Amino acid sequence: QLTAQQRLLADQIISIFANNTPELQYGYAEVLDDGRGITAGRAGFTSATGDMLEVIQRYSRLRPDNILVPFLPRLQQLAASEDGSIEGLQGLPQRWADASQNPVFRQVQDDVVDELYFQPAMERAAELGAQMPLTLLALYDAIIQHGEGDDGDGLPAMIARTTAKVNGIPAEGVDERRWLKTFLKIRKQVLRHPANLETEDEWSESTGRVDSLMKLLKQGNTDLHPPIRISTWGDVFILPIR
């Protein structure tokens, strides 16, 4: 669905949306007061969302004695009830940072990103008949930030509301740039008025990323050809970095 050089490019873009840098932040770990507990890694795995659990479980299977195995029974509890409780979990950000020095841990992160986020976004893009590279990037960024759940703010609901507005999908003859514009605008409205109020501040400050995607659409760079200019937070970046 995406080129190797398009996927490197999309990862560097999405890293700028999330951490203002094109270098993937495997070692990132913060509490953000968004109702999600601790947020970590390249795709922002979360204590509350069952994200951070799948990574550490898989890692513990590859390496049964790692510095993060003691956090595991607390993590199962949070994932169980989607709990944003920062505590139960002291020291974990530092150990997530340290585990990130291991290429194997970083790889588990890649594997979950592909299993939870990239592949499903690509499957959703193919059911849409979507086939501009920019649309794929926007679906992928969106699935990372909003998730693939059943809420009104998840990617499936936004896709459904985009398809309702333009009476159809690109595989059905609706112009794809029109479907994409609508989706980008519906996304910005969800970020600025999320149904889950705990993520309001964290999401309403993130909408510059939707503008950067919108900017590429209006500039006709729907195929993600280089060079790509991203300046989401004020800092300018010419992708791909080399």
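Residue positions are given as counts along the sequence shown, with the first one as 1.
**Q** Mean Cα B factor from the PDB record: higher for 104-112, or higher for 74-82?
**A** Higher of the two, by average CA B-factor, is 74-82.
**Q** Output the stretch having the higher mean C-alpha B factor in the entry; the candidates are 128-136 and 86-94.
**A** Mean C-alpha B-factor is greater for 86-94.
**Q** Say you rank 31, 43, 186, 197 by Cα B-factor from the PDB entry; which sits at the top?
**A** In the PDB entry, the greatest C-alpha B-factor among 31, 43, 186, 197 is found at 31.
**Q** Looking at the C-alpha B-factor values in the deposited entry, which of 207, 66, 39, 182 comes out highest?
**A** Among 207, 66, 39, 182, the PDB entry lists the largest C-alpha B-factor for 66.
**Q** Where does residue 145 sit by CA temperature factor within its chain: lowest, middle or highest third?
**A** Within its chain, residue 145 is a lowest-third residue by C-alpha B-factor, going by the deposited values.
**Q** Ranking the modelled residues of this chain by C-alpha B-factor as given in the entry, is residue 163 in the lowest, middle or highest third?
**A** For residue 163, whose C-alpha B-factor we compare with every modelled residue in the chain, the answer is the middle third.
**Q** Mind checking which third residue 215 falls in for C-alpha B-factor across the chain?
**A** Lowest third of the chain for residue 215's C-alpha B-factor.
**Q** Pull the Cα B-factor of residue 10 out of the PDB entry and bin it into the chain's lowest, middle or highest third.
**A** Residue 10: CA B-factor falls in the lowest third of its chain.
**Q** Based on the entry's values, in what third of the chain does the Cα temperature factor of residue 151 lie: lowest, middle or highest?
**A** Tercile = middle for this residue's CA B-factor.
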